[PDB]
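Reading the sequence shown from the start, the letters are residues 11 to 41, 50 to 180 in mature numbering (1 follows the signal peptide of the UniProt record, and there is no 0).
Have a look at the structure below, then the notes.
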Amino acid sequence: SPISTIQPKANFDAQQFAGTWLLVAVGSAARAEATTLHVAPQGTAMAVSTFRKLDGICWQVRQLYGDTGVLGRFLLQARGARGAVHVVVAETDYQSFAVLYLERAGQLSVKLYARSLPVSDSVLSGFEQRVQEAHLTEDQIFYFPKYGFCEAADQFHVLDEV
Ligand SMILES: CCCCCCCCCCCC(=O)O
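Right, here's the structure in full:
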C-alpha cells in the first residue's frame, strides 16, 4: 500500500476543490487521451464525472468517491471487474492545480490536474519531483494534449457507475 505513505492535503476542503479540472500529466507504470473532471461534493462523498474524447465522441463516466474517515482520502469502491481505487488529494491550492495519487492493486500512480492551461513551471516541476519520489521515471510520465477536451456526452455515451 504505497499510497498509505502519502500525506493528504492538510484540512482538505471539498467545497473549494469543487468544479472543473483538466488533466495535465500522469505518472504511472501501467502497461485515447485528454481528460476533464467535474467534481461535486455530496454530503461526505464526492460525485465525480470524467470526460474523454475518443474518435471525436465525448464519453462520460459518472462515479462516486466515498469518504474514508481521513480528509483528502477517498475510495472508488470495487464493483464487478472494476477493482477498488484509492485516491488521495495531496498538494493543491484549489485555484490552479491539484496533485492526486491513485492506487489500484497495489500500484501507485500520480496525476496533475489544473483549473486552466498552461500550468506554471513551478507546478509542473513540482509534479515531476513527486513522480520521481514515487519511484517512477521520467519515461513513465505522460503529458496530455492542451486540446481535445470535452465535457458533455449524450445519453448513449454515459456510463453510470453510481
Ligand atoms: C475527490 C475524488 C476525485 C477522484 C478523481 C479521479 C480521477 C480519475 C481517475 C481515473 C482512473 C482510471 O480510470 O484509470
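In this text, a Cβ means the ideal position worked out from N, Cα and C, and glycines have one as well.
Local conformation of residue i per DSSP, three classes
i, result
"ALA39", "coil"
"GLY144", "helix"
"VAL105", "strand"
"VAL137", "coil"
"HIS56", "strand"
"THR68", "strand"
"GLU151", "helix"
"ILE159", "strand"
"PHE22", "coil"
"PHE167", "coil"
"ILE13", "helix"
Rounded straight-line distance, which links the Cα of residue j to that of residue i
i, j, result
"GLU51", "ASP178", "20 Å"
"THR54", "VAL34", "10 Å"
"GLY101", "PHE92", "14 Å"
"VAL149", "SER127", "8 Å"
"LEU135", "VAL141", "12 Å"
"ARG133", "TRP31", "5 Å"
"residue 48", "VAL180", "Between 41 and 50, the chain has no modelled residues, and residue 48 is one of the positions in that gap."
"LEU118", "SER138", "17 Å"
"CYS76", "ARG70", "6 Å"
"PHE145", "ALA170", "28 Å"
"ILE16", "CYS168", "31 Å"
Of the listed residues the options, nearest to residue i (C-alpha basis)
i, options, result
"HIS175", "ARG80, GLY84, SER127 and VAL117", "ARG80"
"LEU72", "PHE115, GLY166, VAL180 and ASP172", "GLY166"
"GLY61", "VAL180, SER67 and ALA24", "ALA24"
"residue 1", "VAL36, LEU120 and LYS19", "Any question about residue 1 goes unanswered here, given that the chain covers just 11 to 180."
"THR86", "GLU169, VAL103 and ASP111", "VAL103"
"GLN158", "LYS129, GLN26 and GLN78", "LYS129"
Proximity test, residue i beta-carbon vs ligand 1 heavy atom, cut-off 8 Å
i, result
"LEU55", "yes"
"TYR83", "yes"
"residue 5", "This structure cannot settle anything about residue 5, because the visible part of the chain is limited to 11 through 180."
"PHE92", "yes"
"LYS129", "yes"
"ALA24", "yes"
"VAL117", "no"
Nearest-angstrom beta carbon gap, residue j and residue i [assumed within contact, 8 Å]
i, j, result
"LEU154", "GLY84", "No, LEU154 and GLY84 are not in contact; Cβ-Cβ is about 27 Å, not under 8 Å."
"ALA58", "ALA65", "4 Å"
"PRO163", "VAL88", "Incorrect: roughly 34 Å between the Cβ atoms, too far for contact."
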